[PDB]
Amino acid sequence: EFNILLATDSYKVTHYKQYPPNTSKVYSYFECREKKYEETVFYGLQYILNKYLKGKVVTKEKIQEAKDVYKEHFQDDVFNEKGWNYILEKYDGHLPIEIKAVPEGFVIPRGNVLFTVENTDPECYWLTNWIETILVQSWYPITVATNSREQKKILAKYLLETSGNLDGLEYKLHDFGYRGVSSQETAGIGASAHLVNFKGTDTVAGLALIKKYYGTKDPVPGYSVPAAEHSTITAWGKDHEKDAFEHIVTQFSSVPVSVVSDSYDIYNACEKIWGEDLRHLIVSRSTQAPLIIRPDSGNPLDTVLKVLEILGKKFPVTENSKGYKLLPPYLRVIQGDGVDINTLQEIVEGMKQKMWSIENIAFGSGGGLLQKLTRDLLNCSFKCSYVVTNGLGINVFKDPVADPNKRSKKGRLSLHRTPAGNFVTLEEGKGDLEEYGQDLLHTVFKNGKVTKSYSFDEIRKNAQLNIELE
Amino acid sequence: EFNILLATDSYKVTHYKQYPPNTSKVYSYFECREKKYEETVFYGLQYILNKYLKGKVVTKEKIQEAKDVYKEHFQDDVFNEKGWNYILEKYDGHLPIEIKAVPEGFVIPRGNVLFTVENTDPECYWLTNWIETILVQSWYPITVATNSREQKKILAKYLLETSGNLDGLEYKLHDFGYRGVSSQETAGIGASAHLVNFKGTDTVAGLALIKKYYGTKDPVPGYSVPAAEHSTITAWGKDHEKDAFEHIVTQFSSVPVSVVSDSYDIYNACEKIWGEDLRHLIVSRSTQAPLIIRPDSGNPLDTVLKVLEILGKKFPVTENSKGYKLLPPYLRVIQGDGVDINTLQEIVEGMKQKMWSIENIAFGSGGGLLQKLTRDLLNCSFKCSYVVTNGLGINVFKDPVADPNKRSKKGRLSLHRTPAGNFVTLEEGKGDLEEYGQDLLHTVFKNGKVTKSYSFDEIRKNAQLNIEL
Ligand SMILES: O=C(Nc1ccc(S(=O)(=O)c2ccccc2)cc1)[C@H]1C[C@@H]1c1cccnc1
Ligand SMILES: O=C(Nc1ccc(S(=O)(=O)c2ccccc2)cc1)[C@H]1C[C@@H]1c1cccnc1
């Protein structure tokens, strides 16, 4: 049983006493602050609104629970029981909050307003920033989606250059991150964010999240293929690696199958086992059911190049119309160890220099894709920009002397199209002057209700690469 | 509804068809593989056992749900319906698995077995590694607890050197990480792991997790203090920072209060606002209710030093018995921006060089504490080491030619004390020889039941520093 009264930074419990007396409005906004990663994919707020913020989120029992916990946590009675009771009695426990946001999947340059939050009842001035902590966690799906998309750009560039098209791009980066994230909930959120850009995942948790909170026309948003792990190879015993390989490809003879080949000696496995002993079982496979050889150790670039070199001498290689080398359609490789945005770039460039097409390879990423990310990558941040005290609106901001990068925006904000079709954020309520057309933010939450939402299909469309559109 | 049949890496769905025929046993183990972080705090498994693995975790509906999902996910009917129905019918949906583990809170050197997993029914040979994915997520609380403990060692060293004792050590690193982690669940898990070592947190989610899954004799495991955020200062308007400060310290006049002081000019705030305009409201405060000044920007070391330099000119400073400078007891500082294990070390060393006692300062850490950590920090890994096929036990392992660091252990494992009091993991069932005393692994889970549990108090005792001991 989630309790929103216990889902904030502890100090926020004490803030209702700290604002100027007679403050009736607190207005705040979220941005990926300007400071690589010049544009961000806005994704994940809809999950948060539906799972945690909407409907009756306050009850008598939840208030009492919070009261009891904070009494001990602070060793003092500081909890705003009266404020929460007001929301319970007046609004049947629905949050008197209005949130405006850019559409999910939108790709927006750094330093723009992405969403705004304000209270709709003057008694609830303190509520706007109470929910900062939970809303700021949107940094995570934003960052996964953005970093995943940047990797897609790299793959698109190199696939296009070495093959002349983008066929299969959406399957070139596979999510291996389930075991490497910090929790089950994180796994679902992170996997869903990756699926904004790609269709391949082994993080099953992502599927149910998308189905529940976003929705797709297709039965599922993401797909996988049969594959071995080291245990299904090593269990056969060291002297029987060939027997394991034979059993596995025979069990999965009519569908694609990935077989990890580095349990003892990746180079021996490729040259002698796959390349000689079991070659007859590989060359007989359909192009719809390739063997995918999976190295999993050593220097990622060096290993990929040597594996390709070996396979190229054991199997018939062709030269595509761009002049790049291509394995036969029944044989592919996946590199799924040590892949992050940096090593991904290094590998595809190294392959290009050695005249190997990117068609030959797919990538798996686990820790790099879903865990090795923090809120400071895109500087995702929530700040108060406008208050009303004694009936007077005041534009407020921080501006630390030692770090101009931490300066925050002033006043009421709105997002607009510029004459050249770019994005601009207007401060100080200047959007009201109507010199930049209509505000692009939409009301997505109001008084306990979700007022606008997006399907996962819409989100994917919004997040497309320019080259995909082109 | 959580569904264990949908809580694994997709490929594991296909593994029941890949093991050698006639395999009746798959036995696997978890270690923080050897390759800085020489010892790890084992913490978090009990949460996973209770929340996800115990009791009736298989139902008719869950099997059908998984069948339907995997049919579309694989575009093929590969799911092991028979195997899961067997567990449902035979064991009322309880997992026929035995897990043995080192006690939670134990501090164990890298490269040792921390827990093992095996099937208790030959039909369920495939189940051992089905649950690898969910169990391996224990890397996270282990890593948070370990990294938090390592920072405690640094703090202990410098607090001892500059003050002669360890008073208040357990409040020197405060958890600010709630907003900076990836989910609500991660927040609770991570916060609870930090509380193995310290008592200060603003990540409230940690308290509920501890109360539900571990338990403490005290009402709560962690505590906080009133504090401002930038919004409660900036809301007063730029020209009224002083009014904000005055209002806040007066509202919280008899309890500790932290006030963020860098909204516009941290140095002006310290020298002119706190140091002159409002000095009378500070020097009158109780030692049990100090003002804690919070910088939040700039180079962390340079800023801390300059803040201390400023305050030392405006407030009466003493010299402790170790020769280090000490602010009056109604005034302290917290650095809570950009703190991680590396910068923490830099700050305390810099303070020591400038003759400032660590008594003067506490640290807050958010992203560095709970989010900027990965599974490869401690190389937390789950591997199969033993199987029985055709009634014969076989010791199995991986040993990749290009990376000896990824070699895994062979056979049945056990953990023991060495004659010198250290730890050793015995391989190949050699623990059976009884030459190394009792196995330190205890059965914690068997056939759907949690069989051994630890309180959070016990875990804290196990995880104590030597210096504390
Ligand atoms: O290699 C694996 N899967 C896998 C392999 C290849 C691809 S692929 O090349 O994109 C692909 C996709 C669709 C059809 C054919 C090939 C997609 C997934 C799994 C063993 C690896 C894995 C899964 C989970 C966690 N860690 C590693
Ligand atoms: O400074 C803050 N709290 C805080 C300040 C000082 C300490 S302390 O110095 O360890 C301490 C502990 C116990 C009693 C008295 C003082 C402990 C916590 C909160 C504003 C900062 C915060 C909280 C949450 C997220 N981000 C920043």
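So, how was this worked out
Residues numbered from 1 in each chain as written, not as in the entry; some residues may be left out. Chains lettered and ligands numbered in written order. Heavy atoms only, no water. Helix = DSSP H or I, 4+ residues; strand = E, 2+ residues; numbered from the N terminus. Areas by Shrake-Rupley, 256 points an atom, 1.4 Å probe, with all protein chains shown as cover. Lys, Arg positive; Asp, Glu negative; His and termini not counted. Charge placed at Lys NZ, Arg CZ, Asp CG, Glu CD. Pairing = 2+ DSSP bridges. Disulfide = S-S within 2.5 Å. Buried < 20%, exposed > 50% of the residue type's maximum accessible area, 1.4 Å probe, protein only. Near = heavy atom within 4 Å. Polar contact = N/O pair within 3.5 Å; in protein donor to acceptor, adjacent residues only side chain to side chain. Nonpolar A, V, L, I, M, F, W, Y, C, P; charged D, E, K, R; others polar. Domains from an automatic or database assignment. Contact = heavy atoms within 4.5 Å. Buried area = accessible area lost by both parts, 1.4 Å probe. Salt bridge = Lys/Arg side-chain N within 4 Å of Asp/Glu carboxyl O. Axes fitted to C-alpha atoms, helices over the stretch in contact; angles between N-to-C directions. Parallel < 35°, antiparallel > 145°, perpendicular 65-115°, else oblique.

Structure determination for this entry, per the PDB record, employed X-ray crystallography and reached 1.702 Å resolution.

Draft legend 1. Main features of the overall build of chain A. Within chain A, the secondary structure is distributed over 17 helices and 18 strands. Seen through its C-alpha atoms, chain A measures out along the principal axes to roughly 85 × 55 × 45 Å. Just so you have it, chain A exposes about 17400 Å², and 46% of that area is on carbon and sulfur atoms. Taken as two groups, the 57 positive and 61 negative side-chain charges of chain A have centres that lie 2 Å from each other.

Draft legend 2. Region of interest: the pairing of strand 14 (residues 392–395) of chain A. Residue and element names in this part refer to chain A. Pairing of strand 13 (residues 380–389) with strand 14 involves four bridges; the strand directions are antiparallel. Opposite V388, over in strand 14, you have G393 as the bridge partner. Hairpin geometry of strand 13 and strand 14 is characterised by an intervening segment of two residues between the two adjacent antiparallel strands and by a positive phi of about 55° at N390.

Draft legend 3. Quick peek at the state of the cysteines. All names here are of chain A. Per the stated rule, a full pass over the model turns up zero disulfides over all chains. Looking at the unpaired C124, the closest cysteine sulfur is the one in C384, lying at 16 Å. Given the relative accessible area of 0%, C124 is considered buried.

Draft legend 4. Representation of the site of ligand 1. Around ligand 1 there are 16 residues in total, and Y171(A), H174(A), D202(A), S258(A) and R294(A) lie nearest to it. Looking at what sits near ligand 1, you find residues from chains A and B. The backbone of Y171(A) places a nitrogen or oxygen atom 3.0 Å from an oxygen atom of ligand 1. Note that an oxygen atom of ligand 1 is positioned 2.8 Å from one of the side-chain N or O atoms of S258(A). Summarising the interface, the protein chains cover 87% of the accessible area of ligand 1, which totals 600 Å² for the free molecule. Considered class by class, the residues forming the shell around ligand 1 number ten nonpolar, two polar and four charged.

Draft legend 5. Region of interest: the domain arrangement of chain B. Residue and element names in this part refer to chain B. Looking at the assigned domains, one finds that chain B contains domain 1 (1–136 + 375–453) and domain 2 (137–374 + 454–469). Each of domain 1 and domain 2 has a C-alpha centre, and the two are 39 Å apart. Contacts between the two partners involve 35 residues from domain 1 and, on the opposite side, 30 residues from domain 2. Between domain 1 and domain 2, a total of about 2800 Å² is buried, with carbon and sulfur atoms accounting for 58% of that surface.

Draft legend 6. Layout of the site of ligand 2. All names here are of chain B. Around ligand 2 sit 15 residues in total, of which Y171, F176, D202, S258 and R294 are the nearest. Within the backbone of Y171, one N or O atom sits 3.0 Å away from an oxygen atom of ligand 2. Note that an oxygen atom of ligand 2 is positioned 2.8 Å from one of the side-chain N or O atoms of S258. Protein chains shield 87% of the accessible area of ligand 2, which is 600 Å² for the free molecule. A breakdown of the residues in the shell around ligand 2 according to their chemical character gives ten nonpolar, two polar and three charged.

Draft legend 7. Looking closely at the domain arrangement of chain A. Residue and element names in this part refer to chain A. If you check the domain split of chain A, you get domain 1 (1–136 + 375–453) and domain 2 (137–374 + 454–470). For domain 1 and domain 2, the distance between their C-alpha centres works out to 39 Å. Every contact between the two is made by 34 residues of domain 1 and, on the other side, 30 residues of domain 2. When residues of domain 1 are sorted by the area they lose upon contact with domain 2, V41, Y43 and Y47 head the list and together hold 29% of the total. The residue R149 makes a salt bridge to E39 at a minimum N-O spacing of 3.0 Å. Counting the contacts that link domain 1 with domain 2 gives 22 residue pairs in polar contact.

Draft legend 8. Spotlight on the sheet that holds strand 7 (residues 257–260) of chain A. All names here are of chain A. Ordered in space as 6-12-11-8-7, the five strands form an open sheet in which the pairing is parallel. Of all the strands in the sheet, the pair left with one neighbour each is strand 6 (173–175) and strand 7. Averaged over all neighbouring strand pairs, the angle between strand axes comes to 30°, with direction disregarded. In this sheet, strand 12 (residues 361–365) lies alongside strand 11 (residues 331–335) in parallel orientation, the contact comprising three bridges. Within the sheet, the bridge partner assigned to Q335 lies in strand 12 and is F363.

Draft legend 9. Representation of unusual backbone geometry within the structure. Residues and elements named next belong to chain A. If you check the backbone angles, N379 has positive phi at about 50° while not being a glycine. As for its placement among the helices and strands, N379 is situated in the loop between helix 15 (367–370) and strand 13. With a relative accessible area of 12%, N379 lands in the buried category. Positive phi, normally seen in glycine, also occurs at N447, with a value near 50°. Mapped onto the elements, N447 comes out in the loop between strand 17 (442–446) and strand 18 (449–450).

Draft legend 10. Layout of the packing of helix 2 (residues 60–74) of chain A against helix 3 (residues 81–91) of chain A. All names here are of chain A. Between helix 2 and helix 3, whose axes approach to 10 Å, the crossing angle comes to 170°. Here helix 2 is positioned roughly antiparallel relative to helix 3, judged by the angle of their axes. In this structure, helix 2 contributes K60, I63 and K67 to the contact, and helix 3 contributes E81, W84, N85 and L88.

Draft legend 11. Region of interest: the packing of helix 7 (residues 184–194) of chain A against helix 8 (residues 205–213) of chain A. Residue and element names in this part refer to chain A. Two elements in contact, helix 7 and helix 8, have axes whose closest approach is 7 Å; the angle formed by their N-to-C orientations is 70°. The pairing of helix 7 with helix 8 is recorded here as roughly perpendicular in orientation. From helix 7, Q184, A187, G188, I189, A191 and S192 reach across to helix 8, where they touch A205, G206, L209 and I210. Split into classes, the residues belonging to the contact of helix 7 with helix 8 amount to six nonpolar, four polar and no charged.

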